[PDB]
Amino acid sequence: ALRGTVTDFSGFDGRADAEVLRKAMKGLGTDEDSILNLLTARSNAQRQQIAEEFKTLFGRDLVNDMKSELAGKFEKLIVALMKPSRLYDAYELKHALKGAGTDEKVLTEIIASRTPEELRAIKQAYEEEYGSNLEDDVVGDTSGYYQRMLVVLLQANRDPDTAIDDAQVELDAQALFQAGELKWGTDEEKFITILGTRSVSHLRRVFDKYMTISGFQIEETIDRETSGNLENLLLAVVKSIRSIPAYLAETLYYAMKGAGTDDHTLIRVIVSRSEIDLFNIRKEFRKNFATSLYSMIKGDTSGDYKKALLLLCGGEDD
Ligand SMILES: [Ca+2]
Ligand SMILES: [Ca+2]
Ligand SMILES: [Ca+2]
Ligand SMILES: [Ca+2]
Ligand SMILES: [Ca+2]
């Protein structure tokens, strides 16, 4: 079902490639082209082996050498590509929190689209890497029901997918109806519990029954009933429940649709999803936005940056 755009290289030789990267950096200037062409053709696993051979061959640190040679978004793109998979989300999260400011957009985006299984691993990796509890970090940096919704999600305790119980579907749709539209105010607590913990297959039926019952799609009520980060969060959750690929295909489009580009988001979704479901994200981007992801990056980016992005992404037509 899920398909990424980057796979393991067939005639892979970690040593052969490490020497190519060395020649490509040794001397005056850089062959950014040989780097980008090499690195976006190996899986993340292979990039780690290559980084290993390099150290053992030259006693130098690949990532630190690149940081020296490259600059701008390209550097940032290659540095994210070098990050081990099991660590990247953890890394992005820690970087969204830390500092005097928080990038709720990152928190929301990652915590809402990742599965319980992925949340668990992300929680481990975070603690072993920065020696901090992820939850404790989030709690400390957020508040309100937004914080609560994130913590509910960080539990990665979403109910399992079993045979759907109609009566139970009816009950949940009517409860959301009473918690929001039929209420003077909102019972955010009921939305959080039902959206945060019910099984995916169950909530998809609840979303449909709720439309039938209210004349509204859950998204419109959320927008009607809530505001700020909590709104964004819940929209995020509802969207991922319906389809992670589509939700990610959407946060990408809005990163570029605007005049400039949000390179940070553009880099994070393509890199993080390159070997999971970036192929699915592409289809859903064409269907829903009429253009292929390719063509879109092709016009919003440039330089080697643009060159690497397009190779990782691939597919002119989608
Ligand atoms: Ca050099
Ligand atoms: Ca630099
Ligand atoms: Ca209301
Ligand atoms: Ca609103
Ligand atoms: Ca643009």
Side-chain angles (χ1 to χ4, degrees), residues 17-34 36-39 51 53-55 57-77 79 81-82 104-105 107-109 112 142-150 171-191 193 195-196 206-207 209-212 214-217 219-221 223-240 242 247 250-251 254 258 303-305 307-308:
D17 306 330
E19 297 178 21
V20 174
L21 298 167
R22 227 282 108 132
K23 320 308 260 279
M25 275 185 285
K26 199 274 156 235
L28 240 320
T30 334
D31 190 14
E32 288 97 352
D33 247 78
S34 224
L36 83 83
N37 270 303
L38 198 161
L39 297 180
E53 294 295 12
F54 190 92
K55 213 178 279 272
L57 279 186
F58 317 106
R60 318 177 67 131
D61 194 279
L62 181 48
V63 173
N64 262 79
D65 269 350
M66 301 202 292
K67 263 135 99 136
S68 277
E69 302 285 305
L70 328 162
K73 302 146 197 358
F74 181 59
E75 190 216 80
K76 283 171 176 169
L77 166 72
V79 157
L81 240 359
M82 277 324 285
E104 274 118 348
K105 164 220 290 95
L107 299 181
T108 295
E109 177 200 315
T142 70
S143 49
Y145 279 96
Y146 171 57
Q147 169 195 292
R148 241 98 101 189
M149 190 32 186
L150 281 175
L171 242 196
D172 282 332
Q174 176 63 211
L176 293 176
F177 198 24
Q178 308 190 29
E181 291 306 343
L182 299 178
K183 205 191 196 285
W184 175 41
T186 324
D187 189 339
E188 299 92 341
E189 174 164 300
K190 271 310 269 207
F191 269 92
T193 295
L195 268 11
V206 166
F207 294 167
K209 189 66 71 140
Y210 176 87
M211 146 92 235
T212 286
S214 62
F216 303 98
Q217 271 300 151
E219 287 89 337
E220 340 185 18
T221 296
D223 181 63
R224 278 153 65 82
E225 295 289 313
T226 67
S227 73
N229 287 323
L230 175 71
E231 190 197 334
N232 284 326
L233 210 185
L234 285 160
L235 288 175
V237 178
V238 171
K239 276 150 196 317
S240 307
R242 294 170 170 308
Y247 168 55
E250 201 183 291
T251 119
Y254 291 98
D304 303 300
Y305 180 40
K307 281 257 254 352

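Whatever order the structure lists ligands and atoms in, that order sets their numbers, starting from 1. Heavy-atom basis, side chains included; hydrogens, waters and symmetry copies ignored. In this chain, numbering begins with 1 at the start of the sequence shown.
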K.L.:
If you measure from CD on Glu220 to CG on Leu235, what distance do you get to the nearest 0.5 Å?
P.N.:
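Nearest 0.5 Å value for the CD-CG distance: 11.0 Å.
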
K.L.:
Has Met25 got an N/O/S atom less than 3.0 Å from the Ca ion (ligand 1)?
P.N.:
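Yes, within the cut-off.
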
K.L.:
Under the criterion side chain to side chain contact (heavy atoms under 4.5 Å, CB included), I'd like the reasoning laid out for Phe207 against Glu219: C-alpha separation, chi angles, the key distance, then a yes or no.
P.N.:
CA-CA 9 Å; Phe207 294 167; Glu219 287 89 337; over 6 Å; no

K.L.:
Backbone or side chain, does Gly27 get an N/O/S atom under 3.0 Å to the Ca ion (ligand 1)?
P.N.:
yes

K.L.:
How wide is the angle at the Ca ion (ligand 3) between O of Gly180 and O of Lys183, to the nearest 10°?
P.N.:
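Result: 90°, to 10°.
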
K.L.:
So what does the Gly185 O - the Ca ion (ligand 3) - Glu225 OE1 angle come to, to 10°?
P.N.:
80°

K.L.:
Determine which of the N, O or S atoms in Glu231 is closest to the Ca ion (ligand 4) and give its atom name.
P.N.:
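Sorting the N, O and S atoms of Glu231 by distance to the Ca ion (ligand 4) puts OE1 first.
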
K.L.:
Just wondering, do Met149 and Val237 contact through their side chains at under 4.5 Å, heavy atoms?
P.N.:
yes

K.L.:
Hey, what do you get for NZ (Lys76) to CG (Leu70), rounding to the nearest 0.5 Å?
P.N.:
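It comes to 13.0 Å.
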
K.L.:
Assess, by modelled atom type and distance only, whether the side chains of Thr226 and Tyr145 contain a donor and an acceptor separated by less than 3.5 Å.
P.N.:
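No, because no side-chain N or O of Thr226 sits under 3.5 Å from a partner of the opposite role on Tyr145.
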
